[PDB]
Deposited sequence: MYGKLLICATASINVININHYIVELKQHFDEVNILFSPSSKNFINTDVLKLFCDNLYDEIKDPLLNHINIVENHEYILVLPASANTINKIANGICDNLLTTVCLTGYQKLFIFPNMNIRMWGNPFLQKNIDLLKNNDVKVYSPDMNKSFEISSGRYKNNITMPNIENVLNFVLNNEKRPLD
């Protein structure tokens, strides 16, 4: 196994299927923990993930969580699914919630998997920020567009983009 991995889930419709990635990834990484964005809590009951993840970081239960330790405790940090909003915040250094604060601190171990409707993907400001992220050592995976649509990355494809 490759070491501790942290999943930073955002308010993308596909966050409802995040449990599938967890059990799958639990086979390749020592640990697979998770952290959600405030808005993603409107899509699922995050406490359920405690049944699949090694650890769940909840900023509501604990408002004084140490983001620095969280970053040092992991070798890989994935933002999956990654919303246009969080992508753009990270690109501009905006860290107004735990997830986003963790992503600023650990930009060097960051892997972003964009997920959104195709029309949002065409936004000029989003794209400009994606270029900015790439030109600064932040790994941004290119969305799997199959309809013109846009699907969620294959569990194999995520492994390649991170380890390879």
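Mapping the modelled residues onto the deposited sequence reveals missing stretches at 148-157, 175-181.
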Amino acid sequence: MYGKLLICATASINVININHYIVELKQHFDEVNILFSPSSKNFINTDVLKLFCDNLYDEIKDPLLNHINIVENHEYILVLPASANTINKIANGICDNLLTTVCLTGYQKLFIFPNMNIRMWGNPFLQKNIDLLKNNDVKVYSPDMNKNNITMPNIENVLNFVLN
From here on, numbers count along this sequence of modelled residues.
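Remark: stretch with higher mean C-alpha B factor among 110-118 and 22-30 is 22-30. Stretches 153-161 and 1-9 differ in mean C-alpha B factor, with the higher average recorded for 153-161. For residue 100, the recorded CA temperature factor ranks within the lowest third of the chain's modelled residues. Residue 69 sits in the middle third of its chain by CA B factor, as recorded in the PDB entry.
The deposited CA B-factor of residue 136 belongs to the highest third of values across its chain. In the PDB entry, a CA B factor belonging to the highest third of its chain's modelled residues is recorded for residue 51.
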